[PDB]
Amino acid sequence: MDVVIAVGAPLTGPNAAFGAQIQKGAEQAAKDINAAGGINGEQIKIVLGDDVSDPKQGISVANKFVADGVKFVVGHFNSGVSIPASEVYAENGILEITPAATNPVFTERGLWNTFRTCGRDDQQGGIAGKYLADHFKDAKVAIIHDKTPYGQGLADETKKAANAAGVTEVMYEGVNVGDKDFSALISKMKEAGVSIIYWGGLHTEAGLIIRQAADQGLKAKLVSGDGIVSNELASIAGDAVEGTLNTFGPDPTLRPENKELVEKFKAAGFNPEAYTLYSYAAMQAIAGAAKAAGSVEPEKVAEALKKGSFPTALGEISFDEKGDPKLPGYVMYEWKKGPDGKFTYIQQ
Ligand SMILES: CC(C)[C@H](N)C(=O)O
Ligand SMILES: [Ca+2]
Ligand SMILES: [Ca+2]
């Protein structure tokens with residue numbers, strides 16, 4: 001029959017825009033592959049499952065996929081959703097390739113079925129920790145995190161790397177996802193002389209910290225990672241977003257080879273920023289591996305991914321024995337005004 005492929009993502013909630021990056025990128029790839037003859041002569045059927053960035057909801061989504069005969073899942077977005085959902089998939093013969101979950105644990109559990117098109121946070125924290133050392137040598141650094149597996153994980157990888165290169169944070173604090181008032185923490189950071197705020201977490205909380213920090217007169221730069229790369233940050237944060245820093249892969253939309261693809265998304269009215277092409281590529285990889293493997297059986301395609309190499313919107317993609325991709329590493333971005341005059345992220 002058709003090859004049933006699920007999108008497991010935050011289609012609603014604070015991270016809906018990310019959920020839409022993943023959905024649109026996955027739907028466009030299925031559309032393109034199908035018009036090309038599908039996977040090994042078979043058409044791809046997309047199903048959608050909304051995890052609302054909640055682990056328990058993600059587990060329910062995963063069990064549903066299992067039931068609907070899903071064979072491949074592109075997703076999820078959050079590490080804390082992906083890690084538990086992957087067990088459910090591992091047990092019920094379903095290959096999961098995440099375009100966005102970066103926590104090392106995802107691929108460090110020996111599971112047959114876990115792959116990514118994105119990097120991992122030992123890599124990302126490496127880069128950031130070093131950068132803090134290469135540019136804020138004597139700054140009073142606060143490390144703040146959202147108490148999630150992703151957010152605390154990245155903040156810990158960043159702290160580890162920084163601590164090691166010589167930089168010793170003056171504060172290390174967790175906040176709760178959904179919290180809206182950071183005055184106390186901000187008042188704490190001001191007493192501490194904080195001039196750099198390193199945030200392991202997502203854009204919602206990040207934008208509020210930026211906004212309120214400026215309003216309380218804390219002159220500190222926020223440095224974060226992949227979780228803040230959505231154009232909503234500028235709205236949440238306001239003009240205070242200027243000068244914010246964050247790590248992320250090289251922007252795939254800037255790849256000359258993607259020019260026509262990017263233009264197609266844009267003609268459809270969607271700006272395929274950030275994780276959109278990472279998701280497109282997840283789909284490319286499944287198709288490329290299945291062809292190399294002469295099979296659409298998930299266990300076999302998984303073996304194919306680990307062995308083969310495949311053309312994608314992200315470049316030539318290969319995978320190591322754990323399912324991690326071999327691709328260009330994390331680079332630093334700064335938030336500045338674009339041509340249109342609004343703040344966005346540009347590689348330094
Ligand atoms: C959600 C995403 C931005 C993050 N990399 C995570 O693993 O949760
Ligand atoms: Ca998480
Ligand atoms: Ca390999």
Side-chain angles (χ1 to χ4, degrees), residues 8-10 13-15 18-19 21-22 51-59 61-62 73-90 94-129 143-163 172 174-177 198-206 223-230 246-249 274-275 278-279 281-282 314 319-327 329-330:
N15 303 307
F18 284 115
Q21 296 182 182
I22 303 178
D51 57 44
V52 201
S53 288
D54 171 79
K56 295 308 169 295
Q57 185 74 264
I59 290 167
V61 166
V73 165
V74 179
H76 293 240
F77 176 69
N78 301 275
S79 283
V81 167
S82 294
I83 288 161
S86 69
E87 294 173 34
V88 170
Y89 302 140
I94 296 181
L95 189 163
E96 163 174 13
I97 181 164
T98 185
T102 52
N103 186 269
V105 174
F106 181 70
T107 53
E108 291 289 346
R109 286 165 297 154
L111 291 178
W112 68 268
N113 69 321
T114 57
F115 300 78
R116 330 196 201 220
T117 56
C118 62
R120 26 185 293 168
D121 289 330
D122 47 340
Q123 301 170 151
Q124 196 171 189
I127 302 305
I143 295 170
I144 311 300
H145 68 75
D146 70 356
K147 302 192 176 168
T148 59
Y150 163 64
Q152 188 167 24
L154 169 67
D156 289 350
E157 294 304 320
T158 289
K159 165 171 163 52
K160 168 195 191 56
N163 284 355
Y172 177 100
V175 300
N176 309 299
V177 170
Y198 184 87
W199 172 247
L202 309 181
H203 58 124
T204 305
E205 285 69 42
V223 181
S224 191
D226 68 280
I228 75 163
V229 288
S230 167
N246 74 270
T247 53
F248 187 59
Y275 280 114
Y278 279 81
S279 180
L314 304 169
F319 302 83
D320 67 23
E321 73 286 350
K322 286 159 175 181
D324 280 310
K326 295 155 190 170
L327 295 185
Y330 288 95

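Heavy atoms only: backbone and side chains are in, while hydrogens, waters and symmetry mates are out. Here, residue 1 is the first one in the sequence, and each next residue gets the next number.
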Q: Donor-acceptor pair, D121 side chain versus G125 backbone, under 3.5 Å?
A: no

Q: Strictly distance-based, threshold 3.5 Å: is any side-chain N or O of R116 a donor or acceptor partner for the main-chain N or O of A101?
A: yes

Q: What distance do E87 atom CD and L111 atom CG have between them, rounded to the nearest 0.5 Å?
A: 7.0 Å

Q: What distance do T107 atom OG1 and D324 atom CG have between them, rounded to the nearest 0.5 Å?
A: 3.5 Å

Q: Between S82 and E96, is any pair of side-chain heavy atoms under 4.5 Å apart?
A: yes

Q: Return each pair, listed once, that meets salt bridge (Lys or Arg N to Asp or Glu O under 4.0 Å) where at least one residue sits in residues 97-109; pairs must be two or more places apart or across chains.
A: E108-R120, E108-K322

Q: Taking side chain to side chain donor-acceptor pair (under 3.5 Å) as the criterion, tell me which of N246, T102, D226 meets it with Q124.
A: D226

Q: Do you know the tightest heavy-atom contact between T158 and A128?
A: OG1-CB, 3.8 Å

Q: Can you tell if the side chain of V105 reaches within under 4.5 Å of the side chain of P149, non-hydrogen atoms only?
A: no

Q: Would you compute the distance between atom OG1 of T247 and atom CD1 of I228 and round it to the nearest 0.5 angstrom?
A: 8.5 Å

Q: Return yes if some donor-acceptor pair links the side-chain N/O of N78 with the main-chain N/O of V81 below 3.5 Å, else return no.
A: no

Q: Looking at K326, I'd like to know if its NZ atom is crowded, meaning that more than 12 non-hydrogen atoms belonging to other residues, nucleotides or ligands lie closer than 6.0 Å.
A: yes

Q: Hey, what do you get for CD1 (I143) to CG (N163), rounding to the nearest 0.5 Å?
A: 6.5 Å

Q: Is any side-chain heavy atom of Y198 closer than 4.5 Å to one of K159?
A: no

Q: Could you grab the distance from atom OG1 of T117 to atom CG of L327, nearest 0.5 Å is fine?
A: 8.0 Å

Q: Short question: side chain of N103, backbone of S79 - any donor-acceptor pair under 3.5 Å?
A: no

Q: With rounding to the nearest 0.5 Å, note down the distance linking CG in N15 to OH in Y275.
A: 11.5 Å

Q: For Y89 versus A62, what's the shortest heavy-atom pair and its separation?
A: CE2-CB, 3.3 Å

Q: Do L202 and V177 have side chains that approach each other closer than 4.5 Å (heavy atoms only, starting at C-beta)?
A: no

Q: Between the side chain of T98 and the main-chain N/O of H76, is any donor-acceptor distance below 3.5 Å?
A: yes

Q: Check whether any side-chain heavy atom of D51 sits under 4.5 Å from a side-chain heavy atom of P10, and report yes or no.
A: yes

Q: Using ring pair (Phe, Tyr, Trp, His ring centres under 6.0 Å) as the criterion, point out the one residue from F18, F115, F77, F248 that pairs with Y278.
A: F248

